[PDB]
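Right, one structure below, let's go through it.
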Amino acid sequence: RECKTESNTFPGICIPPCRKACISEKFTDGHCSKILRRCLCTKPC
Amino acid sequence: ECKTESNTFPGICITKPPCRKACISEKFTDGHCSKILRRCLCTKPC
């Protein structure tokens, strides 16, 4: 299962700094969502 | 959507409503039990 949830520490709007925030939060990657422009973290779970 | 395990739901996910409740408290919009491990999974637009 891949878990995907918004970064808790990423500041502001998401348009690399997301990936960095997510790894800091112990996820394995991060990306920006297309519509809401949020930093979303992903990891195996 | 975002989809991840509920952090506050206690124990095994037997039926959906208590999982949905926990997920909504965690500011998701819905929850459901996983087929086999029967974990409570939360979902929301993201």
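Each chain in the structure tokens gets a letter, A, B and so on, in the order shown; residues start at 1 in every chain, and ligands are counted from 1 in the order they appear.
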
Find the spatial neighbours of segment 10-18 of chain B, counting only C-alpha atoms, within a cut-off of 7 Å - ignore same-chain residues fewer than 4 positions away - and output them as a PDB file with C-alpha atoms, in the first residue's frame.
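So the final result, stored in out.pdb, reads:
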```pdb
ATOM      1  CA  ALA B  22     -12.128   8.894  13.289  1.00  0.00           C
ATOM      2  CA  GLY B  31     -12.879   6.376   5.930  1.00  0.00           C
ATOM      3  CA  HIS B  32     -13.116   2.692   5.097  1.00  0.00           C
ATOM      4  CA  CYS B  33     -11.747  -0.640   6.273  1.00  0.00           C
ATOM      5  CA  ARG B  38      -8.573  -4.403   8.161  1.00  0.00           C
ATOM      6  CA  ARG B  39      -6.904  -1.122   8.940  1.00  0.00           C
ATOM      7  CA  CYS B  40      -8.914   2.082   8.981  1.00  0.00           C
TER       8      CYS B  40
END
```

For this session: Restrict the distance test to only C-alpha atoms, flag each residue of chain A within 9 Å of chain B, and return the flagged residues as a PyMOL selection string.
Result: chain A and resi 2-6+33+35-40+45

Problem set entry | strand (DSSP E or B) call set, DSSP backbone run, chain A, as a ChimeraX atom specification | /A:2-6,29-32,39-44

Problem set entry | Residue among A:29, A:34, A:22, A:42 lying closest to residue 7 of chain A, counting only C-alpha atoms |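 Nearest candidate to residue 7 of chain A out of A:29, A:34, A:22, A:42: A:22.
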
For this session: Find, counting only C-alpha atoms, the residue in A:31, A:16, A:1, A:8 that gets nearest to residue 44 of chain A.
Result: A:1

Exercise. Do you have the atom CA of residue 21 of chain B-atom CA of residue 9 of chain B distance handy?
Worked result: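 Taking atom CA of residue 21 of chain B and atom CA of residue 9 of chain B, their separation equals 8.7 Å.
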
For this session: For residue 25 of chain A, work out the shell of residues within 9 Å, counting only C-alpha atoms and skipping chain neighbours fewer than 2 positions away, then give it as JSON, numbers by chain.
Result: {"A": [7, 8, 9, 20, 21, 22, 23, 27, 28, 41]}
